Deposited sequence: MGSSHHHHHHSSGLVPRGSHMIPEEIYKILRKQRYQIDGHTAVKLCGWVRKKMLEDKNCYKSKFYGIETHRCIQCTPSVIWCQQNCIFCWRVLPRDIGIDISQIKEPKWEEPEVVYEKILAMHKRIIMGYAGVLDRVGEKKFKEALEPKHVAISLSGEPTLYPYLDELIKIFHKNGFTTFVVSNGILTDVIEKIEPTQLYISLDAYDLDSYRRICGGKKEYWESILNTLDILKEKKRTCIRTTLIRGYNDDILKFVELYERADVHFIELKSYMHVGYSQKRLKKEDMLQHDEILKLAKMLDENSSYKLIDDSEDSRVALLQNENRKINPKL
């Protein structure tokens, strides 16, 4: 099998659907939307419909990094990667199976929202693992677009050549460090990976729509001004500043939303990125490149 039996069982206990090297998991906000009509911050920022979003990955347990906030639950060989048409159908089928779990509480959801959740519109390729290690990621994105889905892809940015090729609706680069020392401390990566990430920053301006997401951990990377030169080098459309969310680390390592706002305002005061929105629920601030202004709403 592609995944060790122990890992497979652990992921199933974490409520992952797994088929080969591909996985889908219901985002916690989908549940809150279905049962409480609560929207996620991506709905607020970008106009996405929370209950119509698939959270998935084509590379569930393969990633080059070893971050301090990753794998709270390194020698697994890479699988024989499946064709992108197959990965696409498996993602849609696993998502359908998860949404069908609401059939037994239709009166708590309502038939309208149920029928809408069965017709997803948005795909967040961001669940676990590094999507660019899947060698047909570009093709997979194209298939989603031709079938009417918007795509968000979150990448660590190491594989510059893949970032150059792909064109999701919005490309996220995780940037949780600002020099080699902090990169090793936080991401557990090699110095060669950090240099490659910097090369990726240089070409992000060539992409159609970009966002850097920085996950802030108290005392590890929360000196926000140390990121400014990298953010300016990257010249992306948006930045998301987000607190670490606990459960290796402790709950006290989370930043208060007021601290996220403080750091976002400092970033605003010291950079060409301007604070334009925030969500206390998810402890995230949205900043916009004042020299590359585009509408945040998709």
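- Not built in the structure, per the record, are deposited positions 1 to 19, 93 to 101, 276 to 280.
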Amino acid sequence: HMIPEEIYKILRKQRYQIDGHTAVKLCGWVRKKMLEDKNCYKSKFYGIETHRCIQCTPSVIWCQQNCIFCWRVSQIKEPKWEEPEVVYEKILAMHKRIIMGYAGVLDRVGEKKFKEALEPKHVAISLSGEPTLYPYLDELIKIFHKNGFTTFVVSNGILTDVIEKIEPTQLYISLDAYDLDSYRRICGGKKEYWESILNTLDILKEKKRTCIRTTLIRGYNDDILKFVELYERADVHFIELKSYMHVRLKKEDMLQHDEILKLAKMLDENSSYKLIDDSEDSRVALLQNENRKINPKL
From here on, numbers count along this sequence of modelled residues.
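- When the two stretches 93 to 101 and 74 to 82 are set side by side, the higher mean Cα temperature factor goes to 74 to 82.
- Taking the mean C-alpha B-factor of each stretch as recorded, 182 to 190 and 129 to 137 are not equal, and the higher mean is that of 182 to 190.
- Residue set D107, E116, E195, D176: peak C-alpha B-factor at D107 (per PDB entry).
- Per the deposited record, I68 carries the highest C-alpha B-factor of all listed residues (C63, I68, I54, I239).
- Placement of the Cα temperature factor of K265 within the chain: middle third of the modelled residues, per the deposited record.
- Annotation for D235: CA B-factor lies in the middle third of the chain's modelled residues.
- The deposited CA B-factor of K165 belongs to the middle third of values across its chain.
- In the PDB entry, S59 places in the lowest third of its chain by CA B-factor.
- In the PDB entry, a CA B factor belonging to the middle third of its chain's modelled residues is recorded for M254.
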